[PDB]
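First the structure, in the form of structure tokens, and then the observations on it.
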Amino acid sequence: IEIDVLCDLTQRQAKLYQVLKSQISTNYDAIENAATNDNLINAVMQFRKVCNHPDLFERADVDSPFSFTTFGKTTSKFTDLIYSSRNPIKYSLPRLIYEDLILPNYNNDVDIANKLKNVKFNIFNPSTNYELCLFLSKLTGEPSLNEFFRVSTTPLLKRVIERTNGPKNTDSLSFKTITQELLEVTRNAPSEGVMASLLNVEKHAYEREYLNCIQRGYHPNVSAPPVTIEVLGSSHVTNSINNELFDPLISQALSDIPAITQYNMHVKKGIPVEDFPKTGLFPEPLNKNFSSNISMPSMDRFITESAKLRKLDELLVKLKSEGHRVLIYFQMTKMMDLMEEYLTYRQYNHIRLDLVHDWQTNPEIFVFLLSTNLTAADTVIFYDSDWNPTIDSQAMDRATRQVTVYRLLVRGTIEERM
Amino acid sequence: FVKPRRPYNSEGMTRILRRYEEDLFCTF
Amino acid sequence: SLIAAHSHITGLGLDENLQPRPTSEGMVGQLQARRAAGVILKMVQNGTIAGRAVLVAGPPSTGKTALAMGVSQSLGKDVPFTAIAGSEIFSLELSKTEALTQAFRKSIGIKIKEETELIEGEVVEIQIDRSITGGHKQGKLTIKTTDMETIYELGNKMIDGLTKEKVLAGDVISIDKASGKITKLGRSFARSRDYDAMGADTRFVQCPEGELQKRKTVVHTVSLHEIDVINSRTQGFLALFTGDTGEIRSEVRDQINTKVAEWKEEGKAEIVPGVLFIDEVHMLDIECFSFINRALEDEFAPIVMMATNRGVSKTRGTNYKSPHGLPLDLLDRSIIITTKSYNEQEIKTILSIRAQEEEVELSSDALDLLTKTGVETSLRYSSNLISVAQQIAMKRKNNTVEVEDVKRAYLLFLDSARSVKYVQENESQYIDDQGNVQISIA
Amino acid sequence: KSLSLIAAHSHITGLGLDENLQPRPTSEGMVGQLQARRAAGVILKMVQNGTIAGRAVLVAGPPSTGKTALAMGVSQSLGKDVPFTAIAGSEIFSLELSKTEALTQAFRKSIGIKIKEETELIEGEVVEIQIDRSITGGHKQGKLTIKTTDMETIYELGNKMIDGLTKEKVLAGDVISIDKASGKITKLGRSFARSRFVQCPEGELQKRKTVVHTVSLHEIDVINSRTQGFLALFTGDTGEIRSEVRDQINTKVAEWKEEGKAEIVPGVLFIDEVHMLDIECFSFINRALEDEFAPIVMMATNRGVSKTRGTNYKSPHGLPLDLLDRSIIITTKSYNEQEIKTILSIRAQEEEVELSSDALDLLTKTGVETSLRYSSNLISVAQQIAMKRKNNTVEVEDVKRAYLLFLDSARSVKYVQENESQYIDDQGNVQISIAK
Amino acid sequence: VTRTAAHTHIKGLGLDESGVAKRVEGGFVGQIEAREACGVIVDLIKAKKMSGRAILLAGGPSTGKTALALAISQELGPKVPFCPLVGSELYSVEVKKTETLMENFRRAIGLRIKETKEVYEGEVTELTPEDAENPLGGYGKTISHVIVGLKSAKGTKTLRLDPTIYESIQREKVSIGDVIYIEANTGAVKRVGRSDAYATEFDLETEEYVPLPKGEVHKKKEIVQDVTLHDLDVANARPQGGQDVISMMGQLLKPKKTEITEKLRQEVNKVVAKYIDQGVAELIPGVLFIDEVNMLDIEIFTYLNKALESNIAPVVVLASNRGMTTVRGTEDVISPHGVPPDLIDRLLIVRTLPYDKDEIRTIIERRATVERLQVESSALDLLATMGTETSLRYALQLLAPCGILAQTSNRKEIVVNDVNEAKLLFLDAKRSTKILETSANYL
Amino acid sequence: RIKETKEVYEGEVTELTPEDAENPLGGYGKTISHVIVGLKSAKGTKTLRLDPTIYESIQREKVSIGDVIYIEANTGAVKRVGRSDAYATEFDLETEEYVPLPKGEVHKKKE
Ligand SMILES: Nc1ncnc2c1ncn2[C@@H]1O[C@H](COP(=O)(O)OP(=O)(O)O)[C@@H](O)[C@H]1O
Ligand SMILES: Nc1ncnc2c1ncn2[C@@H]1O[C@H](COP(=O)(O)OP(=O)(O)O)[C@@H](O)[C@H]1O
Ligand SMILES: Nc1ncnc2c1ncn2[C@@H]1O[C@H](COP(=O)(O)OP(=O)(O)O)[C@@H](O)[C@H]1O
């Protein structure tokens with residue numbers, strides 16, 4: 001019983017096939033002619049390698065963005081791991097520009113003009129403009145008259161980090177909007193309330209369409225740090241750059257403190273909770289899959305990337321349910337290793353590499369792999385099928401019951417001609 | 001054989017116990 | 001609910017041989033356009049071809065939007081039907097080509113197969129461990145059914161779903177693993193010592209028996225454009241509702257196309273294309289037409305339906321006149337369904353159907369006079385007159401619209417021809433195009 | 001360095017000129033145009049003298065006469081460390097900058113400041129590194145042995161050097177460069193020791209090295225303004241820098257030149273297709289040229305008497321007369337047969353194409369007949385047709401095949417003009433059907 | 001079975017080894033001289049030596065210009081970057097059109113780099129931080145170091161981290177018993193999942209269970225990456241990927257197109273040239289395809305005149321169906337194909353020709369055999385006469401309603417009567433215009 | 001138009017006592033078994049047995065003796081309306097908002 005199985009090319013296999021077709025200057029007629037005849041053999045070995053398994057031509061690995069960095073690498077009881085990533089682009093600045101425009105000294109007036117424009121002539125100063133401060137305090141309701149001078153002279157990021165929910169007096173002109181008294185009810189409201197459910201459309205759309213189990217489809221190609229600025233011979237520039245890049249308030253605000261460290265603050269040191277540097281302000285990602293740009297080689301894509309392998313995974317279920325002993329014929333040893341790792345992933349009973357004695361004595365085995373003498377042998381599969389009948393005849397009579405021979409074929413390739 | 005469970009690692013952390021008869025709240 | 005303009009049309013009214021019935025499914029008349037729309041409907045339902053442009057043309061008040069609504073109602077559930085107008089393309093934060101690309105990608109649905117696990121049972125003990133600040137959260141949950149009882153481990157989101165929608169011991173909850181949703185079904189223990197803090201009146205449900213953990217396969221349809229907006233940036237799920245998706249790059253669309261093909265190649269997802277409907281397509285720039293001519297040639301392209309009630313008029317963005325207001329390159333790659341005007345019997349049937357939908361008991365002679373004023377004037381005027389005649393009829397406290405109420409409604413409210421007749425003999429009272437007017441009556 | 005496939009002006013390495021500013025007939029890839037090359041040499045001497053500022057010249061002529069070739073020759077003859085900004089007329093029409101602001105930024109990008117500074121550096125090959133820890137590890141002691149080809153020394157390290165060596169791993173045999181005052185250490189590579197690959201440094205190990213910096217006025221303008229950092233020089237959103245910081249930069253640069261800490265290096269701004277600017281841009285350009293810190297502006301245009309943009313009248317060269325009053329005009333002329341064939345031979349040499357004499361004569365005939373750029377495009381496309389028949393020299397048959405396959409301007413107009421029923425006209429009418 | 005849309009019967013130019021086009025090859029019928037010129041252009045692109053070469057595909061409607069550009073892209077292969085574009089794409093509301101044109105120019109040039117990655121991986125065994133002596137000192141953070149112990153298959157390493165790597169580790173939400181993946185080029189951390197050495201049936205977080213990674217903990221692996229120059233420019237202009245606060249705050253902001261300066265482009269070019277000089281990277285120039293080139297303004301053409309003279313420019317392919325037409329943005333400049341005379345000098349025009357009745361018939365034959373339909377001979381002759389009478393495209397897309405009308409009569413044959421019914425139900429431009437002229441109220 | 005039924009608990013704080021458990025757990029201090037809170041309003045006084053988990057809500061809003069608070073029934077989630085008017089003359093100088101004592105019963109159902 002002879003039956004052939006037809007398979008269709010995958011996306012990666014067709015991409016590699018088209019790359020190989022475009023690489024060899026489109027002498028596909030000569031490839032077909034010397035395929036009928038059997039350094040063109042080295043050319044068609046790449047084609048048969050592509051239709052056999054795409055990992056043999058090029059191994060799949062960790063998919064990550066290209067790192068546009070110059071870090072400290074090893075040119076090969078603990079090991080120190082310190083962050084050392086830089087940018088390859090270097091912007092050089094002379095010392096004269098920094099020291100005569102940006103730093104104060106005796107011959108410039110950076111600090112004097114900064115004080116003149118920010119303190120003495122500020123209009124929120126209560127020592128000179130108390131009427132405006134009292135007017136604004138009646139307008140807004142701030143309990144302190146130095147609140148406006150503090151707001152106007154600190155940056156927006158520092159304002160939005162250390163913002164507190166301090167109380168305000170009722171005798172003011174600032175009352176509560178309708179949208180705010182709708183939103184403040186449903187902060188800790190449970191489900192099945194009418195007002196809580198009418199203001200929670202987004203979470204219901206999140207769990208209606210199963211958004212916490214979807215996969216990430218896009219990652220960037222290149223990821224880079226900011227451009228390094230270099231000044232030769234000045235430690236002040238290095239100190240200022242390290243303070244700006246790694247501001248402890250801001251980097252502490254974008255993550256947490258360890259829990260045992262918090263226990264060491266609160267109980268073993270007597271520091272209250274309100275004196276903690278405030279934490280946990282980084283936004284939560286959509287899934288656990290969206291938290292990074294690194295994708296892993298999974299052992300479910302390995303099955304689907306090779307069409308012949310997927311057809312074997314479809315076909316072995318019937319042979320396992322019917323209780324047979326299968327045997328595969330190969331031509332290389334690379335796919336011998338490939339089926340070794342695949343069968344150890346699938347935990348099936350196969351050989352480790354005498355063979356005839358172990359074949360006859362042990363019936364607990366399932367699948368045999370040979371590279372070009374059995375009897376209780378029922379179903380045989382030709383993976384790398386070659387129609388030279390000298391090899392196929394000796395493979396046939398090498399191995400009581402009915403015998404089914406299978407051949408895997410890939411549509412639209414060399415083997416459809418073959 | 002039976003695989004072991006993952007180790008549970010909670011020191012320096014509070015606890016809320018919600019049992020059938022009675023509820024706790026342990027604080028530091 | 002409320003009554004809309006095309007609320008009586010739910011379907012197309014076609015047989016198994018794609019031949020229209022004379023009066024079926026809310027549609028009466030227009031046999032050739034209904035047959036062509038049924039052919040386009042089966043063309044969509046096969047799902048084998050992409051990027052075909054269909055143009056519907058005819059005079060106003062003919063049934064083009066009625067045909068589009070019939071196609072949409074015969075399309076069925078979980079098939080995307082984007083209905084836009086030509087004026088919505090022009091935006092201050094999006095380019096016209098980007099808005100057209102998003103409108104194209106809204107009309108392609110992806111049906112994703114997912115495998116979930118359902119857990120239901122009584123809660124025995126909840127232990128929740130939290131930090132001093134409150135960020136790190138972990139704990140164990142002991143759920144129990146009649147036959148089995150296991151102990152699970154909890155994460156941050158699961159504890160958040162446990163704290164809100166307060167669960168105590170003795171409550172019966174249902175957990176879905178892949179959606180992360182916790183629903184409380186009721187209570188069974190009826191705890192005696194209740195701290196009187198809340199006014200809960202939770203339901204008495206029975207003990208769930210059998211297997212604690214059950215698997216099920218669920219199917220949900222997502223749009224392509226939702227996948228681009230989700231993958232575009234960190235908080236794209238907010239931008240799906242706020243509309244702050246400004247000019248998504250091409251690399252995102254290429255990688256999303258590649259991953260959609262990869263999901264199709266394994267069996268997790270399948271592509272369900274839909275219909276994009278553009279009403280008043282003549283209200284578009286010529287750059288939009290030049291983009292449409294080449295966006296119709298892609299693999300991920302829906303079937304586009306366009307409607308026009310315009311003859312040989314000016315094409316926007318140019319200085320020449322073209323048929324239907326459309327350039328000849330777009331008209332080359334379009335098949336055209338034409339629509340013809342109505343008869344008196346069709347207008348009578350339309351008015352009777354709209355009276356049946358609005359729940360108005362019309363008399364015979366009232367229907368005859370409505371048909372007469374709908375064949376002299378337009379159909380929409382006589383359709384609008386029915387509710388006004390009804391509201392006049394309830395003032396006399398009789399639930400049957402006579403010809404007197406119809407005559408009163410015709411007297412009170414005007415048509416376009418009577419309005420231009422009244423305007424054109426009193427041109428001094430109204431403001432001229434040169435801005436001159438007479439305000440004084442003497 | 002400076003990756004490039006082949007450019008269209010890649011054969012021009014400068015202006016071919018003598019020591020008395022006389023143009024040779026063939027030098028540095030430039031042939032013909034003796035008067036235009038002499039005028040551009042005078043302008044080059046004006047730039048290299050650096051004592052005058054804010055002079056605008058105009059290079060006008062027919063199309064394909066070598067105006068961009070002249071600009072590229074001036075830019076190559078200037079060499080490095082002199083600013084040269086080349087912009088188009090349509091580049092300044094921004095959605096985030098005003099036109100006068102974009103013109104101001106392009107003006108200040110073309111003048112630079114030469115600052116000379118010296119720093120003391122360490123360079124050598126690492127012999128052996130010892131890090132010592134105590135019982136508790138609170139303090140760290142260290143010793144580093146480093147050598148060049150002439151000396152060898154051993155240094156005792158402190159805590160911050162040890163932390164800077166543990167970060168960015170340094171092993172034995174590595175060649176590194178150490179800056180003491182800033183703490184930055186770079187790995188130059190690995191030494192030639194089989195037992196990347198660079199050689200061991202020579203001479204002293206403590207070298208005082210002088211680096212000559214050149215920074216434009218626009219960079220100091222961006223850094224001195226506090227509204228954005230130096231990352232706006234790369235991201236490109238500076239966003240309408242205020243004027244007062246420019247007067248502060250002007251006064252600081254003036255007193256720097258007075259004290260002797262800096263020198264001013266003026267450069268050239270080149271505006272290609274200057275006729276596509278609005279009249280507001282021309283009026284700003286009129287008054288921006290009388291500033292003390294203004295470069296020498298080169299404008300190139302090829303129009304006749306055409307409409308000025310933003311107006312309703314016509315002007316010579318597309319420019320108003322008040323702008324033309326402050327300009328000196330260089331005029332380029334058309335080419336002969338011999339100049340065209342010399343240009344084509346030079347383009348053959350740069351494209352690595354070997355030509356027959358008859359093929360060169362046919363290319364010269366069809367270049368005089370149609371266009372210089374058409375033959376200069378045909379010559380590179382004939383080599384692929386020649387290589388399909390597997391021979392190296394390009395013969396007459398390849399040139400005739402390329403002339404048959406690829407059309408030119410006048411022929412395409414000729415085939416359009418008697419087939420206009422198949423093309424879309426200005427009124428949007430076309431006939432697609434074959435019959436009727 | 002499959003999905004087809006207006007193309008995908010075209011698999012290439014279909015030439016010989018000498019550049020001679022066959023009559024029917026690659027789904028192409030006729031257009032022999034255009035296909036030979038396109039093959040010469042393909043050889044010029046594969047030579048990888050030329051910069052700023054521009055061709056123009058000039059012909060009537062429905063003469064096969066987009067088909068020829070698709071054949072160019074299929075003949076070049078997926079390694080060479082191909083950037084399809086319409087003329088209306090360049091008008092953006094976020095940035096000027098000149099920057100969009102230069103962005104597509106830099107997006108049409110590819111690169112291939114083999115990159116070495118320093119990688120730590122394993123299952124987290126011990127996660128113990130150490131505290132600072134004065135944590136509320138204002139400067140300096142709360143902790144000093146975090147000890148992390150990792151194990152692998154035949155290997156176990158203990159690492160001492162600075163806080164900055166631990167902040168990413170904490171942001172990844174790792175614990176004891178998780179398999180992690182630390183890469184040392186950018187400090188990025190990937191959390192793979194729970195180790196399989198413990199129980200896997202006591203979770204509620206729908207997580208997958210991986211085994212231990214093979215090999216040692218510290219590795220150096222080679223990765224081949226394919227990037228463009230625009231990716232490098234975009235990554236440098238909006239920096240994300242570092243562990244500094246500018247990089248972490250760069251991901252949270254809404255992205256926006258900016259005007260990338262020339263200084264960044266020169267520095268990226270210098271870095272790429274230094275990579276190529278080390279034998280690490282290789283350069284793959286590509287094709288930019290602009291369709292409907294008459295939709296561009298005079299300013300975009302004037303900028304193209306300067307952008308083609310750069311030394312890193314790709315090969316640009318344009319297409320137009322216009323006769324003597326005024327250029328957009330001008331009022332009196334009449335030019336061939338709507339393209340100004342300053343750009344035609346830097347161009348090589350490839351002319352496409354109209355078809356014949358037999359060519360229409362066989363094109364309908366391939367479009368019928370691609371859509372998995374069989375027709376009769378008389379219906380095919382009717383379709384060919386119909387295509388000559390009205391348009392090729394109208395005969396092309398009348399096939400699917402004919403197939404649906406054949407299927408609804410329980411037959412797998414397209415006959416003359418189905419084509420007559422498709423005529424009766426669907427019109428073309430000429431009959432619709434004839435209805436429009438003889439109409440009462442713009443019917 | 002949305003209608004809703006509210007169950008509320010408001011009044012002046014009389015006592016505030018975190019009751020300890022009978023058998024405390026090791027390694028912790030002050031394990032709350034429940035919280036006793038006494039309320040006082042006009043013509044009404046009622047003490048309440050509450051969840052242990054509202055103690056964090058007491059500690060966040062800074063609720064002390066003499067304050068007048070607002071306890072929602074189902075979610076808990078106490079909040080400080082202000083200070084009672086009887087303590088307005090407690091301190092010469094202060095920065096607080098003294099609100100009158102609320103009228104009606106402590107527990108009421110309002111639609
Ligand atoms: N065949 C029909 N069946 C049902 N209702 C119809 C039919 N034809 C027209 N109508 C009604 O007449 C109106 C036609 O207006 P509409 O379809 O919106 O614009 P147009 O007819 O210009 O495309 C609709 O309100 C619709 O309810
Ligand atoms: N005198 C010359 N010497 C060398 N090459 C020239 C000369 N004149 C023109 N060319 C070449 O002719 C080609 C087109 O001339 P170009 O300078 O672009 O014309 P235009 O002056 O109109 O810009 C360019 O590649 C240029 O190198
Ligand atoms: N030589 C050809 N062989 C087969 N099909 C063709 C050929 N030329 C054109 N076509 C088909 O005719 C249509 C022409 O479309 P397109 O090339 O985009 O328009 P234009 O010819 O105006 O560029 C396409 O659907 C294409 O599949």
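Counting starts at 1 for both ligands and their atoms, in listed order. In what follows, every chain begins at residue 1, and chains take the letters A, B, ... in the order their sequences are listed.
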Any idea which part of C/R294 is under 4.0 Å from ligand 3, heavy-atom wise: side chain, backbone, both or neither? side chain
Closer than 4.0 Å to some heavy atom of E/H9 - which atoms of ligand 3 meet that? 4 (C), 5 (N), 27 (O)
Side chain, backbone, both or neither: which applies to E/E359 and ligand 3 if a contact is any heavy-atom pair less than 4.0 Å apart? neither
Do D/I432 and E/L392 make a side-chain contact, defined as non-hydrogen atoms from C-beta onward lying under 4.5 Å apart? no
Any side-chain heavy-atom pair from D/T331 and D/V59 closer than 4.5 angstrom? no
Of all the atoms in ligand 3, which lie at a distance below 4.0 Å from a heavy atom belonging to E/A67? 17 (O)
Heavy-atom contacts with E/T63 under 4.0 Å: which atoms of ligand 3 show up? List them by number with element. 20 (P), 21 (O)
Closest non-hydrogen atom pair, E/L343 against E/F301: CD2-CD2, 3.6 Å
Do D/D272 and E/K306 sit within salt-bridge range, that is, some charged N less than 4.0 Å from a carboxylate O? no
Could you tell me whether D/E337 and D/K341 have a side-chain N and a carboxylate O separated by less than 4.0 Å? no
Does C/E297 pair with C/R333 as a salt bridge, N-O distance under 4.0 Å? yes
Neighbour count above 12 (heavy atom, 6.0 Å) for D/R24 CZ: yes
Of all heavy-atom pairs between C/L14 and C/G38, which one has the smallest distance, and what is that distance? CD2-CA, 3.7 Å
Within the structure, does E/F28 bring an N/O atom to less than 3.5 angstrom of an N/O atom in ligand 3? no
Show the atoms of ligand 3 that are less than 4.0 angstrom away from any heavy atom in E/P61. 22 (O)
Please tabulate, one line per pair, the protein N or O atoms found under 3.5 Å from any N or O atom of ligand 2, giving the distance to one decimal.
{"unit_1": "ligand 2", "atom_1": "1 (N)", "unit_2": "D/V31", "atom_2": "O", "d": "2.6"}
{"unit_1": "ligand 2", "atom_1": "1 (N)", "unit_2": "D/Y335", "atom_2": "OH", "d": "2.9"}
{"unit_1": "ligand 2", "atom_1": "3 (N)", "unit_2": "D/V31", "atom_2": "N", "d": "3.2"}
{"unit_1": "ligand 2", "atom_1": "5 (N)", "unit_2": "D/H11", "atom_2": "NE2", "d": "3.2"}
{"unit_1": "ligand 2", "atom_1": "8 (N)", "unit_2": "D/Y335", "atom_2": "OH", "d": "2.5"}
{"unit_1": "ligand 2", "atom_1": "17 (O)", "unit_2": "D/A69", "atom_2": "N", "d": "3.4"}
{"unit_1": "ligand 2", "atom_1": "18 (O)", "unit_2": "D/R373", "atom_2": "NH1", "d": "2.5"}
{"unit_1": "ligand 2", "atom_1": "18 (O)", "unit_2": "D/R373", "atom_2": "NH2", "d": "3.2"}
{"unit_1": "ligand 2", "atom_1": "19 (O)", "unit_2": "D/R373", "atom_2": "NH2", "d": "3.3"}
{"unit_1": "ligand 2", "atom_1": "21 (O)", "unit_2": "D/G66", "atom_2": "N", "d": "2.9"}
{"unit_1": "ligand 2", "atom_1": "21 (O)", "unit_2": "D/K67", "atom_2": "N", "d": "2.4"}
{"unit_1": "ligand 2", "atom_1": "22 (O)", "unit_2": "D/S64", "atom_2": "N", "d": "2.7"}
{"unit_1": "ligand 2", "atom_1": "22 (O)", "unit_2": "D/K67", "atom_2": "NZ", "d": "3.3"}
{"unit_1": "ligand 2", "atom_1": "23 (O)", "unit_2": "D/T68", "atom_2": "OG1", "d": "3.0"}
{"unit_1": "ligand 2", "atom_1": "25 (O)", "unit_2": "D/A8", "atom_2": "O", "d": "2.9"}
{"unit_1": "ligand 2", "atom_1": "27 (O)", "unit_2": "D/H11", "atom_2": "NE2", "d": "3.2"}

Numbered in order shown, the ligand 3 atoms found under 4.0 Å of a heavy atom of E/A6 are 24 (C), 25 (O), 27 (O)
Below 4.0 Å from ligand 3: does a non-hydrogen atom of C/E297 turn up there or not? yes
What is the minimum heavy-atom distance between C/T339 and C/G58, and which atoms define it? OG1-CA, 3.3 Å
Heavy-atom closest pair, residues E/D345 and D/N377: O-ND2, 3.8 Å
Got an N/O contact under 3.5 Å between E/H7 and ligand 3? no
A student checking ligand 3 against E/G27 at a 4.0 Å heavy-atom cut-off should list atoms 3 (N), 4 (C)
Side-chain (E/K11) to main-chain (E/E25) donor-acceptor, under 3.5 angstrom: no
